[PDB]
Every structure is written in structure tokens, then in C-alpha cells.
$ cat input22.txt   # compact mmCIF, C-alpha atoms and all ligand atoms
# COMPACT_ATOMS: atom_id res chain seq x y z
CA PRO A 1 -17.10 -24.46 55.06
CA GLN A 2 -16.73 -21.67 57.60
CA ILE A 3 -14.32 -18.75 57.43
CA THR A 4 -13.39 -16.93 60.62
CA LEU A 5 -12.36 -13.29 60.25
CA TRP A 6 -9.13 -12.99 62.21
CA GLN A 7 -7.45 -12.69 58.78
CA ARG A 8 -8.65 -11.26 55.46
CA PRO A 9 -11.03 -13.74 53.80
CA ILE A 10 -9.00 -14.33 50.63
CA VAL A 11 -10.07 -16.99 48.17
CA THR A 12 -8.80 -18.21 44.82
CA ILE A 13 -10.89 -17.47 41.78
CA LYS A 14 -10.69 -18.52 38.15
CA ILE A 15 -11.65 -16.02 35.47
CA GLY A 16 -10.59 -15.85 31.84
CA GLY A 17 -8.89 -19.21 32.29
CA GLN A 18 -6.57 -17.69 34.88
CA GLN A 19 -6.25 -17.87 38.64
CA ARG A 20 -6.29 -14.84 40.91
CA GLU A 21 -6.82 -14.05 44.59
CA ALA A 22 -9.69 -11.93 45.84
CA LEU A 23 -11.32 -10.78 49.06
CA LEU A 24 -14.82 -12.00 50.00
CA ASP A 25 -16.26 -8.56 50.69
CA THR A 26 -19.72 -8.19 52.20
CA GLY A 27 -19.32 -4.41 52.19
CA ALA A 28 -19.02 -4.42 48.40
CA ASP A 29 -22.12 -4.32 46.19
CA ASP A 30 -20.08 -5.28 43.16
CA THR A 31 -16.99 -7.26 42.23
CA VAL A 32 -13.88 -5.27 41.26
CA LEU A 33 -10.65 -6.83 39.97
CA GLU A 34 -7.47 -4.97 39.02
CA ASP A 35 -5.00 -7.62 37.78
CA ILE A 36 -6.88 -9.07 34.81
CA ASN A 37 -7.75 -8.33 31.20
CA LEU A 38 -11.25 -9.33 30.09
CA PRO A 39 -12.34 -9.83 26.43
CA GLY A 40 -15.18 -8.12 24.61
CA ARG A 41 -17.36 -5.04 25.00
CA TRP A 42 -17.81 -3.17 28.26
CA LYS A 43 -19.72 -0.22 29.75
CA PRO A 44 -17.93 2.62 31.50
CA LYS A 45 -18.94 2.86 35.17
CA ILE A 46 -18.10 4.87 38.28
CA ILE A 47 -18.02 3.38 41.77
CA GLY A 48 -17.38 5.15 45.05
CA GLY A 49 -15.79 4.14 48.32
CA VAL A 50 -13.56 5.34 51.11
CA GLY A 51 -11.29 7.87 49.47
CA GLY A 52 -13.58 8.81 46.59
CA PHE A 53 -14.76 7.48 43.25
CA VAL A 54 -12.93 5.81 40.38
CA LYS A 55 -13.66 4.94 36.76
CA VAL A 56 -13.79 1.25 35.89
CA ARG A 57 -14.91 -0.99 33.02
CA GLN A 58 -18.11 -2.97 33.52
CA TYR A 59 -18.05 -6.42 31.93
CA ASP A 60 -21.33 -8.32 32.00
CA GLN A 61 -22.13 -12.03 32.00
CA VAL A 62 -18.60 -13.02 32.95
CA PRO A 63 -18.10 -16.69 33.87
CA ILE A 64 -16.16 -17.03 37.11
CA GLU A 65 -15.40 -19.88 39.50
CA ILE A 66 -15.09 -19.08 43.19
CA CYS A 67 -14.59 -21.67 45.89
CA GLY A 68 -16.31 -24.65 44.26
CA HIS A 69 -18.93 -22.71 42.31
CA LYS A 70 -19.20 -21.76 38.65
CA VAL A 71 -21.34 -18.64 38.35
CA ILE A 72 -21.95 -15.80 35.89
CA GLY A 73 -22.03 -12.17 36.87
CA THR A 74 -20.87 -8.63 36.31
CA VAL A 75 -17.18 -7.97 36.96
CA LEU A 76 -15.73 -4.48 37.12
CA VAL A 77 -12.13 -4.05 35.98
CA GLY A 78 -10.16 -1.03 37.10
CA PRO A 79 -7.93 0.52 39.77
CA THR A 80 -8.41 -0.98 43.22
CA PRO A 81 -5.78 -1.71 45.85
CA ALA A 82 -7.35 -5.13 46.34
CA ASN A 83 -9.34 -7.59 44.25
CA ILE A 84 -12.86 -7.68 45.70
CA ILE A 85 -15.67 -10.25 45.36
CA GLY A 86 -18.90 -8.38 46.07
CA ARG A 87 -22.39 -9.45 47.07
CA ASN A 88 -23.43 -9.79 43.42
CA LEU A 89 -21.32 -12.96 43.35
CA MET A 90 -21.28 -14.01 47.01
CA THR A 91 -25.06 -14.48 46.89
CA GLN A 92 -24.75 -16.81 43.91
CA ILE A 93 -22.19 -19.02 45.65
CA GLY A 94 -24.36 -19.24 48.77
CA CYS A 95 -22.04 -17.28 51.06
CA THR A 96 -23.70 -15.96 54.23
CA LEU A 97 -22.77 -14.11 57.42
CA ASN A 98 -23.47 -15.96 60.66
CA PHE A 99 -23.12 -15.17 64.36
CA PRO B 1 -28.62 -15.86 63.36
CA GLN B 2 -27.86 -15.92 59.64
CA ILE B 3 -27.65 -13.01 57.22
CA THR B 4 -28.06 -13.65 53.50
CA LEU B 5 -26.40 -11.17 51.15
CA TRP B 6 -29.11 -10.22 48.67
CA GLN B 7 -29.17 -6.86 50.49
CA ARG B 8 -26.47 -4.88 52.29
CA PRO B 9 -25.85 -6.43 55.73
CA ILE B 10 -26.81 -3.37 57.78
CA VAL B 11 -27.01 -3.65 61.56
CA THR B 12 -27.80 -1.26 64.38
CA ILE B 13 -24.97 -0.26 66.68
CA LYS B 14 -24.76 1.74 69.90
CA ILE B 15 -21.71 3.88 70.53
CA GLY B 16 -21.33 6.95 72.71
CA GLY B 17 -24.83 6.35 74.03
CA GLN B 18 -26.19 6.77 70.53
CA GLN B 19 -27.73 4.53 67.92
CA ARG B 20 -26.42 4.32 64.37
CA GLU B 21 -26.52 1.92 61.43
CA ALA B 22 -23.44 0.34 59.89
CA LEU B 23 -22.45 -2.26 57.30
CA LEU B 24 -20.96 -5.61 58.39
CA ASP B 25 -17.93 -5.44 56.11
CA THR B 26 -15.64 -8.45 55.74
CA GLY B 27 -13.54 -6.51 53.23
CA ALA B 28 -12.67 -3.91 55.88
CA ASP B 29 -9.76 -4.41 58.29
CA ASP B 30 -10.99 -1.58 60.48
CA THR B 31 -14.24 0.07 61.54
CA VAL B 32 -14.95 3.52 60.10
CA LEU B 33 -17.91 5.70 61.14
CA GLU B 34 -18.78 9.13 59.75
CA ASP B 35 -21.88 10.32 61.63
CA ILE B 36 -20.64 10.38 65.23
CA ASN B 37 -18.52 12.46 67.59
CA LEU B 38 -16.30 10.51 70.01
CA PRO B 39 -14.85 11.87 73.30
CA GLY B 40 -11.22 12.00 74.35
CA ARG B 41 -7.84 11.78 72.68
CA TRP B 42 -7.19 10.25 69.28
CA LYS B 43 -4.34 9.53 66.84
CA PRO B 44 -4.36 10.73 63.24
CA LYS B 45 -4.49 7.84 60.77
CA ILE B 46 -4.67 7.35 57.01
CA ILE B 47 -6.58 4.49 55.41
CA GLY B 48 -6.86 3.54 51.77
CA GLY B 49 -9.57 1.98 49.66
CA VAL B 50 -11.22 2.14 46.26
CA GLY B 51 -10.74 5.70 45.09
CA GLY B 52 -7.72 6.54 47.23
CA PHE B 53 -6.77 7.33 50.80
CA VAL B 54 -8.37 9.58 53.41
CA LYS B 55 -7.38 10.99 56.79
CA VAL B 56 -9.39 9.85 59.80
CA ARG B 57 -9.20 10.01 63.61
CA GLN B 58 -8.26 6.82 65.43
CA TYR B 59 -10.07 6.33 68.74
CA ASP B 60 -8.90 3.34 70.77
CA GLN B 61 -10.66 1.22 73.38
CA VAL B 62 -14.12 2.41 72.37
CA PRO B 63 -17.05 0.51 73.90
CA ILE B 64 -19.52 -0.48 71.19
CA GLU B 65 -22.60 -2.70 71.11
CA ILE B 66 -23.43 -4.68 67.97
CA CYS B 67 -25.71 -7.66 67.34
CA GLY B 68 -26.31 -7.97 71.09
CA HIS B 69 -22.58 -8.05 71.82
CA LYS B 70 -20.80 -5.50 73.99
CA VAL B 71 -17.20 -5.23 72.84
CA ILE B 72 -14.27 -2.80 72.94
CA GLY B 73 -12.21 -1.90 69.92
CA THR B 74 -10.63 0.75 67.76
CA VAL B 75 -13.04 2.98 65.86
CA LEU B 76 -11.99 5.36 63.10
CA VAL B 77 -13.98 8.55 62.66
CA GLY B 78 -13.80 10.38 59.37
CA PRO B 79 -15.22 10.82 55.87
CA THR B 80 -16.79 7.66 54.47
CA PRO B 81 -19.87 7.27 52.27
CA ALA B 82 -21.01 4.44 54.54
CA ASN B 83 -20.51 3.45 58.17
CA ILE B 84 -18.44 0.27 58.18
CA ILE B 85 -17.95 -2.43 60.83
CA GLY B 86 -14.62 -4.08 60.05
CA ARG B 87 -13.08 -7.40 60.97
CA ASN B 88 -11.51 -5.88 64.10
CA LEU B 89 -15.01 -5.92 65.58
CA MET B 90 -16.74 -8.69 63.61
CA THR B 91 -14.26 -11.19 65.03
CA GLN B 92 -15.13 -10.16 68.58
CA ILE B 93 -18.86 -10.62 68.03
CA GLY B 94 -18.28 -14.06 66.52
CA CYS B 95 -19.37 -13.20 62.98
CA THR B 96 -18.23 -15.70 60.33
CA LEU B 97 -18.62 -16.31 56.60
CA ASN B 98 -20.20 -19.64 55.63
CA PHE B 99 -20.91 -21.39 52.34
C1 LIG A 101 -1.59 -1.01 49.88
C2 LIG A 101 -3.04 -0.62 50.07
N1 LIG A 101 -3.97 -1.44 50.45
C3 LIG A 101 -5.19 -0.86 50.54
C4 LIG A 101 -6.43 -1.62 50.98
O1 LIG A 101 -7.28 -1.88 49.90
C5 LIG A 101 -8.60 -2.13 49.97
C6 LIG A 101 -9.05 -3.29 50.65
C7 LIG A 101 -10.45 -3.55 50.74
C8 LIG A 101 -11.39 -2.66 50.15
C9 LIG A 101 -12.85 -2.90 50.26
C10 LIG A 101 -13.72 -1.91 51.10
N2 LIG A 101 -13.04 -1.69 52.38
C11 LIG A 101 -12.63 -0.58 52.98
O2 LIG A 101 -12.80 0.51 52.46
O3 LIG A 101 -12.02 -0.66 54.19
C12 LIG A 101 -11.18 0.35 54.78
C13 LIG A 101 -11.37 0.37 56.29
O4 LIG A 101 -10.43 -0.62 56.79
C14 LIG A 101 -9.29 -0.66 55.93
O5 LIG A 101 -8.94 -2.02 55.61
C15 LIG A 101 -9.13 -2.25 54.21
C16 LIG A 101 -9.11 -0.86 53.51
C17 LIG A 101 -9.65 0.08 54.64
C18 LIG A 101 -15.21 -2.32 51.32
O6 LIG A 101 -15.24 -3.64 51.80
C19 LIG A 101 -16.11 -2.21 50.08
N3 LIG A 101 -16.23 -0.83 49.66
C20 LIG A 101 -17.48 -0.15 50.00
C21 LIG A 101 -17.60 0.43 51.43
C22 LIG A 101 -16.59 1.56 51.72
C23 LIG A 101 -19.05 0.84 51.75
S1 LIG A 101 -15.51 -0.40 48.16
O7 LIG A 101 -15.34 1.03 48.06
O8 LIG A 101 -14.23 -1.02 47.97
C24 LIG A 101 -16.60 -0.91 46.91
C25 LIG A 101 -16.46 -2.19 46.30
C26 LIG A 101 -17.38 -2.60 45.29
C27 LIG A 101 -18.43 -1.73 44.90
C28 LIG A 101 -18.57 -0.45 45.50
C29 LIG A 101 -17.66 -0.04 46.50
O9 LIG A 101 -19.63 0.19 44.96
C30 LIG A 101 -20.20 -0.68 43.99
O10 LIG A 101 -19.42 -1.89 43.98
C31 LIG A 101 -10.92 -1.49 49.45
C32 LIG A 101 -9.53 -1.24 49.37
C33 LIG A 101 -5.23 0.47 50.22
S2 LIG A 101 -3.65 0.98 49.79

$ encode --input "input22.txt" --output "C-alpha cells" --more "lines below"
Ligand SMILES: Cc1nc(COc2ccc(C[C@H](NC(=O)O[C@H]3CO[C@H]4OCC[C@H]43)[C@H](O)CN(CC(C)C)S(=O)(=O)c3ccc4c(c3)OCO4)cc2)cs1
Amino acid sequence: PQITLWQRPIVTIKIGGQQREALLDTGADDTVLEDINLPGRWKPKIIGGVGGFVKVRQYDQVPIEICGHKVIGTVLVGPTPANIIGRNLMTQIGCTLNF
Amino acid sequence: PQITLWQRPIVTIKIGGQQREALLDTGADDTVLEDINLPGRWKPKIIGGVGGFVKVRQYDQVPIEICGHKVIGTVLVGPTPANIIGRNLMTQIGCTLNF
């Protein structure tokens, strides 16, 4: 499918057996979600963006389904004004930019 | 043309008669550039992202060339760790997400 950008490219994802909404974000290296609790061990991490940096939890090898794909990747959990699906996952689902 | 996401989708832009590099960012509503000086009047604006908000200058009706397309749009000038091309401009150059 094709997604035009006149609106935010929001998609539904499934992680931890629950559904959430997230933004397909080509400007994001990593995936950051704020409204979920993930199980197990994690690594502290710091990411930076417009406005400054913030501390988040890095969960590795997290199973997640986006669009119609079931992939595994790193998911950062922490403060963010919007759930973001980064390139680390967009590449695995075959999402590309075209013009 | 197609752009796969295994690397940051950086493109060359021309604005104010000068060449710069910026990130095609589907997760950005607006376009924010840090390494340029734009002529004329502007309106103060505040945008928020991961890490918090920041004050920037809003320049309207700015001619900008990207991916061989010559368009006009709003460009924000202020602190940002990366130059970002937002949806306000990606839509005008016909950039879409496909998977
Ligand atoms: C209400 C409110 N709503 C809001 C809006 O909330 C949003 C909505 C979207 C985003 C994502 C972010 N966008 C962004 O800063 O855009 C700004 C310019 O236009 C405006 O429209 C949206 C927020 C704002 C980039 O797409 C990715 N970023 C990297 C760019 C800046 C190069 S990052 O910092 O988020 C990131 C992600 C993942 C990463 C990473 C860095 O490093 C490693 O992994 C952030 C906050 C604020 S308050």
C-alpha cells in the first residue's frame, strides 16, 4: 500500500499483546513508545531530538506487529509526546520513501 | 526514485541560494533547519518533540528546492540537532511511504 503525507502516517501496532497507535517516522533512528509497559530486563539509554535529550529504557528483541508484518527489534520506552516507529523497524517491514 | 531506510534519508536542498543537507522526516509536521540565515520578517513559534519544546523563527513562503522540485513553504529556523524536511514540504514534492 501507499501512504500519502497530507496527514500524519499513523498505523496500528501490536506489542505485548496490546494494540497501540504509532507514527511511521523516517526521521527516527529508533522506535520510542510511551504508553506501554514491557516485561523483562532493559538497558538505560539516552536519545536526543528537537528540544533536547531524554532518558528511556531500551528493550531488545521485542516482538511487534506493524501493518501486516511480525518483526523483532529494539523498542525504547520512555517520555515522548508521540509513539514513534523508527527506521530500525520500518526497514524490516519493507517501508520505503518514493517520489 | 525510491529510498530504502537502512540509512538516514538525507537529501540535498537549496534555500537562500545555498546548499544544505536535510532529513526527509515523515514524523515531522514542519520543516526545521539550523544552519541557515533567512531574510525578511518572521513570527516566533514554539515546537515540541522528544526531549521538550524549543523556540524557533517561522519564515513563511520560502522558496526551496528539494529532489528536483521547486516549492514554496514555511521553514522554521532554530536549534535542532538535525535539519528536518517535514510533511509540509514532502507532500508538495510528491514523496510517499510505500510497503
Ligand atoms: C502535544 C505535543 N505534541 C508534540 C509532537 O510530538 C512529536 C511528534 C513527532 C516526533 C518525531 C520527530 N519529529 C520532530 O521533531 O518534528 C518537529 C518539527 O515538526 C513538528 O511536528 C512534530 C513535532 C515537531 C522526528 O521525526 C524524529 N526525531 C529525530 C529528528 C529531530 C532528527 S526524534 O527526536 O523524535 C527521535 C526518535 C527516535 C530516535 C532518536 C530521535 O534518536 C534515536 O532514536 C517527536 C515529537 C509535542 S508536544

$ closest_residue --input "input22.txt" --among "B:46, B:15, B:54, B:38" --to "residue 80 (chain B)" --atoms "only C-alpha atoms"
B:54

$ interface_residues --input "input22.txt" --of "chain A" --to "chain B" --cutoff "6 Å" --atoms "only C-alpha atoms" --output "VMD selection string"
chain A and resid 1 to 5 25 to 27 49 to 54 80 87 91 94 to 99

$ closest_residue --input "input22.txt" --among "B:66, B:31, B:45, B:57" --to "ligand LIG 101 (chain A)" --atoms "all atoms listed in the file"
B:31

$ atom_distance --input "input22.txt" --atom1 "CA of residue 72 (chain A)" --atom2 "CA of residue 56 (chain A)"
18.9 Å

$ closest_residue --input "input22.txt" --among "A:60, A:65, A:35, A:30" --to "ligand LIG 101 (chain A)" --atoms "all atoms listed in the file"
A:30

$ closest_residue --input "input22.txt" --among "A:75, A:11, A:18, A:63" --to "ligand LIG 101 (chain A)" --atoms "all atoms listed in the file"
A:75

$ residues_around --input "input22.txt" --residues "residue 39 (chain A)" --least-positions-apart "2" --cutoff "9 Å" --atoms "all atoms listed in the file" --output "list in words"
residues 16, 37, 41, 42 and 59 of chain A

$ axis_aligned_box --input "input22.txt" --around "region 68-78 of chain A" --padding-each-side "6 Å" --output "lines of an AutoDock Vina configuration file"
center_x = -16.1
center_y = -12.8
center_z = 40.1
size_x = 23.9
size_y = 35.6
size_z = 20.4

$ decode --input "input22.txt" --residues "region 44-60 of chain B" --atoms "N, CA, C and O atoms" --output "mmCIF file, in the first residue's frame"
data_model
loop_
_atom_site.group_PDB
_atom_site.id
_atom_site.type_symbol
_atom_site.label_atom_id
_atom_site.label_comp_id
_atom_site.auth_asym_id
_atom_site.auth_seq_id
_atom_site.Cartn_x
_atom_site.Cartn_y
_atom_site.Cartn_z
ATOM 1 N N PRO B 44 7.597 34.403 15.834
ATOM 2 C CA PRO B 44 8.148 33.450 16.798
ATOM 3 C C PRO B 44 7.219 32.246 16.903
ATOM 4 O O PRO B 44 5.997 32.387 16.815
ATOM 5 N N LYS B 45 7.791 31.058 17.067
ATOM 6 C CA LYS B 45 6.993 29.846 17.181
ATOM 7 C C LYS B 45 7.669 28.860 18.120
ATOM 8 O O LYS B 45 8.886 28.876 18.276
ATOM 9 N N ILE B 46 6.870 28.012 18.754
ATOM 10 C CA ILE B 46 7.398 27.004 19.660
ATOM 11 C C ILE B 46 6.956 25.630 19.172
ATOM 12 O O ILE B 46 5.771 25.410 18.913
ATOM 13 N N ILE B 47 7.908 24.718 19.016
ATOM 14 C CA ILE B 47 7.588 23.368 18.581
ATOM 15 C C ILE B 47 8.089 22.383 19.622
ATOM 16 O O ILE B 47 9.065 22.657 20.325
ATOM 17 N N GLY B 48 7.412 21.245 19.727
ATOM 18 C CA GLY B 48 7.808 20.254 20.704
ATOM 19 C C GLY B 48 8.122 18.899 20.113
ATOM 20 O O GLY B 48 7.533 18.487 19.113
ATOM 21 N N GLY B 49 9.062 18.201 20.739
ATOM 22 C CA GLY B 49 9.448 16.885 20.269
ATOM 23 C C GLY B 49 10.000 16.054 21.402
ATOM 24 O O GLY B 49 9.720 16.331 22.564
ATOM 25 N N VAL B 50 10.772 15.023 21.076
ATOM 26 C CA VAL B 50 11.365 14.198 22.108
ATOM 27 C C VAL B 50 12.333 15.106 22.846
ATOM 28 O O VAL B 50 13.147 15.789 22.222
ATOM 29 N N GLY B 51 12.241 15.136 24.168
ATOM 30 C CA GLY B 51 13.143 15.994 24.915
ATOM 31 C C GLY B 51 12.559 17.329 25.351
ATOM 32 O O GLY B 51 13.118 17.983 26.231
ATOM 33 N N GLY B 52 11.454 17.747 24.740
ATOM 34 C CA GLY B 52 10.842 19.005 25.129
ATOM 35 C C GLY B 52 10.594 19.972 23.990
ATOM 36 O O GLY B 52 10.707 19.603 22.820
ATOM 37 N N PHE B 53 10.249 21.211 24.323
ATOM 38 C CA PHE B 53 9.996 22.206 23.291
ATOM 39 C C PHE B 53 11.171 23.161 23.106
ATOM 40 O O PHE B 53 12.093 23.206 23.923
ATOM 41 N N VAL B 54 11.138 23.908 22.010
ATOM 42 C CA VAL B 54 12.187 24.863 21.696
ATOM 43 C C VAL B 54 11.590 25.997 20.872
ATOM 44 O O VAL B 54 10.648 25.790 20.097
ATOM 45 N N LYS B 55 12.139 27.190 21.051
ATOM 46 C CA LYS B 55 11.678 28.366 20.327
ATOM 47 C C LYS B 55 12.427 28.478 19.006
ATOM 48 O O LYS B 55 13.653 28.336 18.958
ATOM 49 N N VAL B 56 11.680 28.732 17.940
ATOM 50 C CA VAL B 56 12.256 28.868 16.608
ATOM 51 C C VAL B 56 11.617 30.059 15.897
ATOM 52 O O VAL B 56 10.640 30.633 16.387
ATOM 53 N N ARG B 57 12.179 30.431 14.749
ATOM 54 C CA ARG B 57 11.641 31.529 13.943
ATOM 55 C C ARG B 57 10.841 30.903 12.812
ATOM 56 O O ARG B 57 11.308 29.961 12.172
ATOM 57 N N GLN B 58 9.642 31.419 12.565
ATOM 58 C CA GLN B 58 8.822 30.893 11.483
ATOM 59 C C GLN B 58 8.876 31.813 10.276
ATOM 60 O O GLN B 58 8.402 32.950 10.339
ATOM 61 N N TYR B 59 9.469 31.328 9.186
ATOM 62 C CA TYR B 59 9.546 32.100 7.946
ATOM 63 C C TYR B 59 8.541 31.494 6.982
ATOM 64 O O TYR B 59 8.579 30.294 6.719
ATOM 65 N N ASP B 60 7.641 32.318 6.456
ATOM 66 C CA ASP B 60 6.630 31.819 5.532
ATOM 67 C C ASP B 60 6.958 32.099 4.076
ATOM 68 O O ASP B 60 7.770 32.968 3.768
#
